[PDB]
Amino acid sequence: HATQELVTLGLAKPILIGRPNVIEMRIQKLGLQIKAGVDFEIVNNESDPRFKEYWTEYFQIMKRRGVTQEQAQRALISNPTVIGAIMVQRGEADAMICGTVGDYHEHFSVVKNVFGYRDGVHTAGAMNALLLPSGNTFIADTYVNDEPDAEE
Amino acid sequence: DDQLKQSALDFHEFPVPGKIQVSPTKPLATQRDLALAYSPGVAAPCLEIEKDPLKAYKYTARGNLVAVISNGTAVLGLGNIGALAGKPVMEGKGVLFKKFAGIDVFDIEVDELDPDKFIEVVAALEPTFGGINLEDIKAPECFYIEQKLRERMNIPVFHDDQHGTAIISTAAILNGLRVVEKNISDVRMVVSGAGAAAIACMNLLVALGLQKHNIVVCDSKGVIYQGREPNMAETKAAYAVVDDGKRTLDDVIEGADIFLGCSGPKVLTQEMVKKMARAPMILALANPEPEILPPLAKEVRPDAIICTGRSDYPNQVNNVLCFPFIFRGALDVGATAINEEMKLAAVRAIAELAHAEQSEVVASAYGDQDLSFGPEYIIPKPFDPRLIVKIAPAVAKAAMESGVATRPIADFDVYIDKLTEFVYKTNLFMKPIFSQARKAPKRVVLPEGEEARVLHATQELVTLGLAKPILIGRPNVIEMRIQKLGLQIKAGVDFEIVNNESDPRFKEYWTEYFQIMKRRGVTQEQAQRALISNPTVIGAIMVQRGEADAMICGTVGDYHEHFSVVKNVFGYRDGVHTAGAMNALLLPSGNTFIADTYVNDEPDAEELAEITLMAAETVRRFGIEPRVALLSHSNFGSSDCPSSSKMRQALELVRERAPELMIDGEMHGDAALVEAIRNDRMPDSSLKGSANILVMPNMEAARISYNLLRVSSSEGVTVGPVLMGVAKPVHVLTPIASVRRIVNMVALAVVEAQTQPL
Amino acid sequence: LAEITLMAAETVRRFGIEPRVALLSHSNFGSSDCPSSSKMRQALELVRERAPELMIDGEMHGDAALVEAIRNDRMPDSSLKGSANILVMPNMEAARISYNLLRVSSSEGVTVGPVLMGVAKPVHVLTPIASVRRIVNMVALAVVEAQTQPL
Ligand SMILES: NC(=O)c1ccc[n+]([C@@H]2O[C@H](COP(=O)([O-])OP(=O)(O)OC[C@H]3O[C@@H](n4cnc5c(N)ncnc54)[C@H](OP(=O)(O)O)[C@@H]3O)[C@@H](O)[C@H]2O)c1
Ligand SMILES: [Mg+2]
C-alpha cells in the first residue's frame, strides 16, 4: 500500500525485495494498480543475478565478525535486510526502509554492521515524534541504546 | 555394485600411501635422539644382540613383528595375482593384525613362486622376523611349503589358515558336541571340498581324542575313501573307510554328526540333512554362499547347530578370532615353533568363552548383545574384549606345557593385567550402535537437506539401512544436487523430502511454534517466517509433534543458533537442569570424552556435576566403564582460584549423587591420562588407569583442548558433539563435520530414539 | 597478551624458527562476543601495531590454527600461512590443560619448557616432574641466554 502511495505521489522509486510471484498475487488481491518494472523494481531474494557479488561483499564486511562464506550466502537469500543494506552500500539504491517485520535490533545490527556510524559520531539513536497539546514533541533514543552514558 | 565396488575402490591411501607407516615409536626430534638411533649409541644394542642372540626380540621388532610372508598365490580369497600385485589384500590382512591385537606386520612379499625356492627365500628372511605369518601360499603347495618351512627356523613358523582356523574350528566342534550332549568318541563326520583350509582341519579335529576311522574326506571327485582310487590319496587314507559301494554323497551320510568343510559352492541338500542322525551339526564354512542355506534347512529341521564363517550370523570364524591372538600367545611367549598343543589349548579357550561369556561392561543401552550359549551360539562373536585375554594366554600356557618356548611368562596375574590394560585402550563401541540401529530404523530429520555432506550421509544411511531420512529443503535443488553428486537416492523411494516452503502442514507448524514461543519474544508473523526460513525449527517441530523420531542439525550456522531452538522446543530432560556436549577422541590411552565443549561457557559446580553424571551415563551406554577426571590448572588443591574450588565442589556433588562412579580431581591432564604421574601425586586416588571422561572448568579450555588434540593426537572420528540433557533425541553438529561424522551421529540418534525418545 | 606474544615470537625467532602466531579462542574469527574473544582481538590489534612484520592471526580455533585447509575455508585471506607454531591462549587454565593433554597424547620428545620470558636475568623455573633431559636442555638454554648480556 505504501508503495502504491509513493508511486502515486511520485516521492520515491521503490525497489521491492521478495518473491515476484507472491508480490504480484498479493498486489492483485489487494486491488493495487502498480506493476513490476513499470512503477517499482523487484529484487528477487532468490535467483538474484547479483548474488555472487552481494554475499562476497557481505563476507568481506563480516568475515572477522562471526560470519562465514556459507553464512554470508545464506543471509543474502534469507535476510532481505542484508540484501537491501548491501544494495544501498554498493550504490544501486539510495535509502532503505526496513523493520516492518521482526525485532528492531535484528535490522539495526545489520544496518550498523554494513553502513557503520557517521563521521565524528560513535553512537546511534532513534527519535520518535508525537503531536502533543504543546506541539510537536520528539523523544530521543527510544530503540537503540538501552542504558546510554553521558557521552552517548 | 558401485555402492560397494566404488566405495571400496575409494581406499584410504590418499594422505599417505599404505596402511602401515614404518615410523619411530621413539622420539626422534633431537640430535641426541638421532645419534642414539643411527650414530654411536645405536652400535651398543646391535653389539649386545651379537654377543648373545637372546636380545633379538628385546631391542628391536621381531618381538611383536610377524611378517605375513607371501608369494601372492592365494591372496585371502583372490588367488595367484602375485607377490607385489597382492599388496592391496596383503595390507588388508596385515591391517587387521595391528588394529585388533597390535601386531606389527612387515608386508614383505616373496617374488619366488616355486614350491622349493620360496622356502629358501623365506628362510633367508627369517632373522628379520620373530614369527612368520605364512599366507597366500596356495594349494597344494601350501601344505608342502608349510611342511618344509616348519622344520628350518628356530622361531614360530605358524602358517595362516592351513594351521589357522583349526583352532576356531575345533573349538566350535568342542562346544557343539557340548550343545547336543554327545561325545567325541562316537561322532561321525562328512568333509567336502578338500581345499587349502579344509583338508588340514580334521587333522586337528582328530587331536581332541578322535578316532581316524570316523572321518570321511571328500573332494570334487566324489568321495575319498580307501578302495575308490587304486592309488590311495595321501593324508586322507588314514580316515578312509572300507569300500561299501557308496558312490554318491547323498547316501554316505548314514546318520553322521559333523560337516566340517572349508570349500566353495554347495554340496549338501535338505534330504541329506534329513538322513543325518538326531541333532545334526552342519558346519558349512563356505564364505561366498553357505552350503546349506541355513534358513531353509532350519525350516526343514529344527534344533540345527549350523556354523558359518560370515559375520552376518553368530559363531563367525575370522582370523581376528585367534590369529593375532595366537601370535599374541606365540610371539609373546618366546616359542621356537607352534606345536599341536598350541593349536589345541587355544581350542579350549575360545570354546570355553562361548559358554562362559558374561558382563564385560555390556552396553547399558545401545548394542543389543543378547548372547546366550545354545544352538545359535557356539563360539564368540568375531570381536571381543576378552577374545585376547583368554586365547593368547591359552597359547602361552600351551607353550610352557609343550616346553618349546624361550621366554616363559611369569605369574599370569601381571600378564592378564597388561593384556586387560591393552584391552581398555582399543574399543569399537560404534559397531554395536550400528548393529542396533540397523535392526530398528527410525525417522531422522536432516534440516540441511541441500548440503552435499548431508546428501552423501543420506546415501550411506539408506545403503546401510540405519535410518529413514527426512530431508528438509527445496525438492528441486535437492534433486539437481543429487544428480550432480552422482548419488542413487530418490525422493519418496529412499528418503522423504519436506519442502520448507509450500509445506501442507505449515499452518499447524507455525501455530505450535508460536504457542511454544509466544511469551518468549516470537510473534505469530515471526513464527510464520521461522517455519519457512529456519529448517531447524521445522525439524524440531516435526520431532516434537511425533512425525519424526530424531534430528541431526548444525551442519550450517553457529552451534547455539540451533541449540537455542532445540532447547526452546524440546526443553530439558526430566530431573535435569543443564545441557552439555560431549566430544570423543581416540587417544593413545583409548577412547576419551571431553565434556561440555559447546553449550555452557562457564558452568558452575551444580552444572558441572550434572554434566559429569550425564557424560558418565552416556559413556556407560557406549559399553565403556566411565573413569572421570575433573581437569584444572591446579593439581589437587595447588591453586585456590574460583575455578579449582568449583571443580572440587563439583567433585563432592558427584560423589554425593553417584557413589559408584569412579571419579577424581581436580588434577592436571597428564595426571588424568597417565597413571604413573597420578600415583606419584595421589597414591590413594579413586581413579584407576587412564581417565576416559575429561570434565573441563570452562568451554574455552574444553574447546581448545579438543580442537588441538583432534588435529594433533587422534586416529578417527566416532561421535561428537553428543548433546546430553535435552528432552528429545537431537544432536547439533558443526559446519566442518564430515560425512562419516554425520552418519555416526545419525546412527546414535536412531539408537537413542529406540529408547523412549523423550 | 600482546607483550607475551611479542616475547614468545622473539624467543622462537632466536631458536631459528620463523614465528607463526595464532591467538586461540573458542570463537572462530568473531563467532562469540565473550570478553575473552574481545580480549584476544584487542591483543591481535596491539601486536599488529607493535610488530607489523610478525605473522599472526586470530582469534581462531586450534584446528584452524594447526591445519591450513580449515583456515583457508574459514579465512581465505588470513595473514597466517601454514601451521602456527606459537599458540597464545586466553587464560592459564586453557593453556595448561591443552599442553598437559597434548604432551602425554600427541608429542614425541622433550626440548624446552617452561621458558620464562620477561625477567631481567636468565632464570628458568621448572616443574617437579621435569626429567633429567629437560633439566639439561633448560640449563643449556640458560647458559646460551647468559652469553647474551644476562640482564
Ligand atoms: N575364514 C574364512 O571364512 C575362510 C578362509 C579361507 C577360505 N575360505 C573359503 O574357502 C574357499 C577357498 O579357500 P582356500 O584357499 O582355503 O581353498 P582353495 O585353495 O581355493 O580350494 C578350494 C577347493 O574347493 C574345491 N572345489 C571347487 N569347486 C568345487 C565344486 N564345484 N565342488 C566341489 N569342490 C569344489 C576344489 O577342490 P579340487 O581341487 O579337487 O577341485 C578346491 O581345491 C572359498 O570359498 C573361501 O571363501 C573361508
Ligand atoms: Mg589369506
# chains A, B, ... in the order shown; residues from 1 in each chain; ligands from 1
>>> residues_around(residues="residue 113 in chain C", least_positions_apart="3", cutoff="8 Å", atoms="only C-alpha atoms", output="MDAnalysis selection string")
chainID C and resid 126 134 138
>>> write_last_selection(atoms="N, CA, C and O atoms", output="tab-separated table (two decimals), in the first residue's frame")
chain	number	residue	atom	x	y	z
C	126	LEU	N	61.39	-24.57	36.58
C	126	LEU	CA	60.92	-25.82	36.02
C	126	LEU	C	59.78	-26.38	36.87
C	126	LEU	O	59.26	-25.71	37.76
C	134	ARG	N	65.11	-32.71	30.34
C	134	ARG	CA	64.53	-31.37	30.41
C	134	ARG	C	65.45	-30.42	31.16
C	134	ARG	O	65.67	-29.29	30.73
C	138	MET	N	67.27	-27.17	29.54
C	138	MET	CA	66.94	-25.85	30.06
C	138	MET	C	68.18	-25.16	30.61
C	138	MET	O	68.31	-23.94	30.48
>>> residues_around(residues="range 607-612 of chain B", least_positions_apart="3", cutoff="6 Å", atoms="only C-alpha atoms", output="PyMOL selection string")
chain B and resi 580+603-604+615+650+654
>>> closest_atom_pairs(of="chain B", to="chain A", cutoff="10 Å", atoms="only C-alpha atoms", output="Markdown table")
| residue | atom | partner | partner_atom | distance |
| --- | --- | --- | --- | --- |
| B:521 | CA | A:103 | CA | 8.8 |
| B:522 | CA | A:102 | CA | 8.5 |
| B:523 | CA | A:102 | CA | 8.3 |
| B:525 | CA | A:101 | CA | 7.7 |
| B:526 | CA | A:102 | CA | 6.2 |
| B:527 | CA | A:102 | CA | 9.9 |
| B:529 | CA | A:102 | CA | 9.1 |
| B:532 | CA | A:78 | CA | 9.6 |
| B:533 | CA | A:78 | CA | 6.5 |
| B:534 | CA | A:78 | CA | 9.1 |
| B:556 | CA | A:71 | CA | 7.5 |
| B:557 | CA | A:71 | CA | 6.2 |
| B:558 | CA | A:66 | CA | 8.8 |
| B:735 | CA | A:70 | CA | 9.4 |
>>> residues_around(residues="range 127-132 of chain A", least_positions_apart="4", cutoff="9 Å", atoms="only C-alpha atoms", output="PDB file with C-alpha atoms, in the first residue's frame")
ATOM      1  CA  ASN A 136       5.444  18.532  18.038  1.00  0.00           C
ATOM      2  CA  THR A 137       7.491  16.610  20.606  1.00  0.00           C
ATOM      3  CA  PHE A 138      10.421  14.278  19.936  1.00  0.00           C
ATOM      4  CA  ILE A 139      11.640  11.564  22.306  1.00  0.00           C
ATOM      5  CA  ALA A 140      15.287  10.630  21.868  1.00  0.00           C
ATOM      6  CA  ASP A 141      16.661   7.072  21.681  1.00  0.00           C
ATOM      7  CA  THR A 142      13.531   5.013  22.140  1.00  0.00           C
ATOM      8  CA  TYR A 143      15.040   1.971  20.407  1.00  0.00           C
TER       9      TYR A 143
END
>>> residues_near_ligand(ligand="ligand 1", cutoff="9 Å", atoms="only C-alpha atoms and all ligand atoms", output="MDAnalysis selection string")
chainID B and resid 74:79 136:140 142 161:162 164:165 192:199 218:222 261:267 285:289 308:310 316:319
>>> atom_distance(atom1="CA of residue 135 in chain C", atom2="CA of residue 115 in chain C")
11.7 Å
>>> residues_around(residues="range 57-72 of chain C", least_positions_apart="3", cutoff="9 Å", atoms="only C-alpha atoms", output="PyMOL selection string")
(chain A and resi 64) or (chain B and resi 703-712+736) or (chain C and resi 20-30+37-38+40-41+44+75-85+87)
>>> residues_around(residues="residue 336 in chain B", least_positions_apart="4", cutoff="12 Å", atoms="only C-alpha atoms", output="MDAnalysis selection string")
chainID B and resid 130:132 150:158 327 330:332 342 399:400 402:408
>>> select_by_dssp(residues="range 12-43 of chain A", states="strand (DSSP E or B)", output="PyMOL selection string")
chain A and resi 15-17+36+40-43
>>> residues_around(residues="range 83-100 of chain A", least_positions_apart="4", cutoff="10 Å", atoms="only C-alpha atoms", output="PyMOL selection string")
chain A and resi 12-17+43-45+50-51+53-55+57-58+61+75-79+104-108+110-115
>>> atom_distance(atom1="CA of residue 274 in chain B", atom2="CA of residue 205 in chain B")
24.1 Å
>>> residues_around(residues="residue 109 in chain C", least_positions_apart="4", cutoff="9 Å", atoms="only C-alpha atoms", output="list in words")
residues 26, 27, 28, 29, 30 and 33 of chain B; 103 of chain C
>>> write_last_selection(atoms="N, CA, C and O atoms", output="PDB file, in the first residue's frame")
ATOM      1  N   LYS B  26      59.726 -44.272  19.074  1.00  0.00           N
ATOM      2  CA  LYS B  26      60.559 -43.494  19.974  1.00  0.00           C
ATOM      3  C   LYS B  26      60.742 -42.080  19.440  1.00  0.00           C
ATOM      4  O   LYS B  26      60.669 -41.848  18.230  1.00  0.00           O
ATOM      5  N   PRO B  27      60.963 -41.101  20.318  1.00  0.00           N
ATOM      6  CA  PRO B  27      61.180 -39.728  19.846  1.00  0.00           C
ATOM      7  C   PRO B  27      62.436 -39.613  18.993  1.00  0.00           C
ATOM      8  O   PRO B  27      63.461 -40.240  19.265  1.00  0.00           O
ATOM      9  N   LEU B  28      62.343 -38.794  17.953  1.00  0.00           N
ATOM     10  CA  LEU B  28      63.450 -38.542  17.036  1.00  0.00           C
ATOM     11  C   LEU B  28      63.489 -37.052  16.695  1.00  0.00           C
ATOM     12  O   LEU B  28      63.680 -36.646  15.550  1.00  0.00           O
ATOM     13  N   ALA B  29      63.310 -36.200  17.706  1.00  0.00           N
ATOM     14  CA  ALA B  29      63.139 -34.767  17.495  1.00  0.00           C
ATOM     15  C   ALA B  29      64.318 -33.983  18.077  1.00  0.00           C
ATOM     16  O   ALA B  29      64.238 -32.788  18.344  1.00  0.00           O
ATOM     17  N   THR B  30      65.444 -34.662  18.274  1.00  0.00           N
ATOM     18  CA  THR B  30      66.618 -34.020  18.847  1.00  0.00           C
ATOM     19  C   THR B  30      67.856 -34.768  18.370  1.00  0.00           C
ATOM     20  O   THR B  30      67.812 -35.981  18.148  1.00  0.00           O
ATOM     21  N   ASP B  33      68.599 -37.829  20.266  1.00  0.00           N
ATOM     22  CA  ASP B  33      67.798 -38.983  19.871  1.00  0.00           C
ATOM     23  C   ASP B  33      68.233 -39.559  18.531  1.00  0.00           C
ATOM     24  O   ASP B  33      68.240 -40.783  18.368  1.00  0.00           O
TER      25      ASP B  33
ATOM     26  N   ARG C 103      50.961 -33.144  25.614  1.00  0.00           N
ATOM     27  CA  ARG C 103      52.272 -33.699  25.923  1.00  0.00           C
ATOM     28  C   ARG C 103      52.207 -35.207  26.123  1.00  0.00           C
ATOM     29  O   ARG C 103      53.086 -35.938  25.654  1.00  0.00           O
TER      30      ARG C 103
END
